[PDB]
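Just so it is clear: chains get the letters A, B, ... in the order the sequence lines come, proteins before strands, and each one is counted from 1. Both backbone and side-chain heavy atoms feed into the values below; hydrogens, waters and symmetry mates do not.
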Amino acid sequence: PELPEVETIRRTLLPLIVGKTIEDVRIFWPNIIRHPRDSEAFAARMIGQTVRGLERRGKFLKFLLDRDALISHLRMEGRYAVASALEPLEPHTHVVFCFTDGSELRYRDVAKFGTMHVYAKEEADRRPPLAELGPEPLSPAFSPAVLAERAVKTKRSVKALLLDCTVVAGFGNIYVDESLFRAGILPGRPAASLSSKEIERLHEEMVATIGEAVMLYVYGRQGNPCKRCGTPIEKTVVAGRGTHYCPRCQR
DNA sequence: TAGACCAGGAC
DNA sequence: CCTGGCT
Ligand SMILES: [Zn+2]
């Protein structure tokens with residue numbers, strides 16, 4: 001899931017678990033548990049805690065309990081559902097939190113790429129995987145000034161800058177390409193080559209793009225006509241990822 | 001800072 | 001070979 005989807009999950013999952021008390025935690029693929037390393041410790045510490053909240057940080061979900069925070073990354077295929085303890089589990093269910101009311105929070109992940117870290121709440125933000133995460137794209141903390149300051153300090157591409165989680169939190173490939181298109185900037189441009197007016201336009205489109213999705217011009221459209229100028233959208237490789245852009249609209 | 005690395009299986 | 005985030 002991308003940031004906007006994770007936010008949707010955060011928003012809808014919360015009412016379904018808030019105020020529920022954990023009675024058991026069952027783990028069927030321990031490698032998903034990253035901290036504590038020992039999955040039995042992970043399971044033992046959660047038992048008895050009540051769910052008090054659910055926040056999002058980039059693409060990470062942060063379940064807030066009484067004493068601990070559970071940091072969860074879905075990666076590709078991770079998904080959460082709330083259902084009855086009386087019904088059979090669906091396939092690829094790897095972690096289940098059982099509540100005292102007979103309902104369960106189930107984690108499914110065909111890829112088994114997702115991760116879970118538990119820490120005392122007060123230290124979750126200074127530990128992996130949250131420790132170095134950049135500001136929320138939709139928050140005041142992520143401003144043109146902040147982007148500009150990171151821009152003029154690096155030699156790498158503007159796309160690579162935007163994909164850097166330390167620069168801005170959870171800005172996916174899709175939204176990087178779309179935002180660059182809307183800002184009229186080639187993904188291959190050196191971040192330092194961007195003008196004050198460009199970084200400002202980029203910031204504005206970043207916020208608008210992710211903001212609209214939370215509440216496609218180029219991504220996956222290669223071969224197809226640009227929606228603004230009719231030029232065939234191109235796809236190459238930039239900073240490891242597939243990169244989509246209009247050779248005419250973007251400079 | 002550029003890749004390499006890696007979670008696990010898919011075709 | 002697909003993909004976000006240690007050498
Ligand atoms: Zn165009």
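- Donor-acceptor pairing under 3.5 Å is recorded for the side chains of A:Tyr245 and A:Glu234.
- Atom CD1 in A:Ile47 sits 11.0 Å away from atom CZ in A:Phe42 (nearest 0.5 Å).
- Side-chain nitrogen and oxygen atoms of A:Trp29 include at least one within less than 4.0 Å of the OP1 or OP2 phosphate oxygen of B:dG8.
- Counting only heavy atoms from C-beta on, A:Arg156 has its side chain closest to B:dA2 among B:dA7, B:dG8, B:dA2.
- Between the side chains of A:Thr50 and A:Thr21, at least one donor-acceptor pair of N or O atoms lies under 3.5 Å.
- Of the possible polar contacts, one joining the A:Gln49 side chain to the A:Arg45 backbone as a donor-acceptor pair under 3.5 Å is found.
- Here C:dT3 presents its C1' atom at 18 Å from CZ of A:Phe171, a figure rounded to the nearest Å.
- Phosphate contact (OP1/OP2 of C:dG4, side-chain N/O of A:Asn173, threshold under 4.0 Å): absent.
- OP1 or OP2 of C:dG5 sits under 4.0 Å from a side-chain N or O of A:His73.
- Counting only Watson-Crick and G-U wobble pairs whose two distances sit under 3.5 Å, DNA chain C takes part in these stems of three or more pairs: B:5-9 with C:1-5.
- The CD-P distance, from A:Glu2 to C:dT3, rounds to 11 Å in whole Å.
- Distance CG (A:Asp177) to P (C:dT3): 12 Å, rounded to an integer number of Å.
- The side-chain heavy atoms of A:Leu180 and A:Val176, taken from C-beta on, include a pair separated by under 4.5 Å.
- Separating the CG atom of A:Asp109 from the P atom of B:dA10 is a distance of 14 Å, rounded to the nearest angstrom.
- In the set B:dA2, C:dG4, B:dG8, C:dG4 carries the atom at the smallest distance from any side-chain atom of A:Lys59.
- If you take NE2 of A:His92 and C1' of B:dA7, they are 16 Å apart, rounded to a whole angstrom.
- Donor-acceptor pairing under 3.5 Å is lacking for the side chains of A:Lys235 and A:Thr243.
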Ring pair (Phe, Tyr, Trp, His ring centres under 6.0 Å) between A:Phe142 and A:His203: does it pass, once the steps are laid out?
-> CA-CA 9 Å; A:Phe142 181 68; A:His203 174 277; 5.1 Å; yes
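- In this structure, the CG atom of A:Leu133 is 14 Å from the P atom of C:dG4, given to the nearest Å.
- Comparing atom distances between the A:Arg75 side chain and each of B:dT1, C:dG4, B:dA7 picks out C:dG4 as nearest.
- Comparing B:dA7, B:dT1, C:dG4 against the side chain of A:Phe113 picks out B:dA7 as the nearest.
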